[PDB]
Each structure stands twice: as C-alpha cells, then as structure tokens.
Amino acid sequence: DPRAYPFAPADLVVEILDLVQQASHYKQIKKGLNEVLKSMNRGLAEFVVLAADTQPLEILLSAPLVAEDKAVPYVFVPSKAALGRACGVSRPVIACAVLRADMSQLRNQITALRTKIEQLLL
C-alpha cells in the first residue's frame, strides 16, 4: 500500500520490534491508535510505529498526519500481528508509541532508533 510510507526495510523491522519488546517490558509503550495520537499531541512519543496491513488502512491515516505536524518520526512495519507480539500482547496492534525514558541505556537505544527512523523522511 503506497500510503504506508515510510516502510521499514526488513533489517529495520527487526530492530524496531526488538526495541518495542524491551520498551514494553519497562512500560515505555502506548498501544492502540487513540493512545498513540494522544502521546504525539502531548509530546510524549519518541517515535510512532504503524502497521501496514491494518484493514482498512484508513483507520490510522490520521497518525502520519499528526506525526508530521508534531515532527514525531513515524514508520510502517509490515505486520500488525508481529507488532502485537513485540508489545507483549496476543492480539494485533495497529499502532504504538515508544515513550521518552529518563537518562538510561534504554533511552539511549530508543533515541538511537528514533534517529534512524528520522532519516527515512529526509
């Protein structure tokens, strides 16, 4: 789907899902479209991850648009099911926000990845 841009190449997908898992382990994730739109508006989201196989895709298309307006880096991954697993849940997750952590190695990881995702949009 061409509206599912930027689309993370496979290596990046892996790095995203592995970091989501770690973040969710420390509750540095919001799941679901509503909480994500909200994290972005309130300046709480370091970056946003969207599921390209969301059905229909129109459900989440306000997210890239709020992200652009708030300059929150966002990226599409191919699978909402995979993203659910990484968030620690057995149902699909179509959107999630990786939150801002206090100084720590986790923050450092999150920040590093945020910069990677930033550069997709440049």
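Numbers follow the displayed sequence, beginning with 1.
Taking only CA atoms, the mean B-factor in the PDB entry is higher for 86-94 than for the other of 86-94 and 71-79.
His25 sits in the highest third of its chain by CA B factor, as recorded in the PDB entry. Looking at the C-alpha B-factors along this chain, the one for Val13 belongs to the middle third. When the modelled residues of the chain are ordered by their C-alpha B factor, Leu19 lands in the lowest third. Ranked against the other modelled residues of its chain, the C-alpha B-factor of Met103 as given in the entry falls in the highest third. Ranked within its chain, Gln55 lands in the highest third, by CA B factor from the PDB record.
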